[PDB]
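Each reported figure results from applying straightforward, stated rules to the coordinates on display, with no laboratory input.
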């Protein structure tokens, strides 16, 4: 019972870390897309201006 409660707690903790990592990746990808829209050679504003 203690081992099952501990395994259930560890599984909950891992699921919480996975969600936090997914959120961080989505945030990082969003930041990269904005940086590309500002300053990527094919698809940017600064290159078009130059």
Check your understanding: Which semi-axis lengths, in whole Å and largest first, follow from the square roots of five times the eigenvalues of the Cα gyration tensor of the chain?
Key -> 45, 5, 4
Check your understanding: What is the extension gain from residue 18 to residue 1, computed as 0.36 nm multiplied by their sequence separation minus the C-alpha to C-alpha distance, in nm to one decimal?
Key -> 3.6 nm
Review point. Relative to the longest principal axis of the chain, what angle (0 to 90°, nearest 10) does the C-alpha long axis of helix 2-39 take?
Key: 0
Practice item. Please give the calculated 222 nm ellipticity per residue for the chain, where each DSSP H segment of at least 4 residues contributes -39500 (n - 2.57) and the sum is spread over every residue; nearest 500 deg cm²/dmol? Key: -30000 deg cm²/dmol
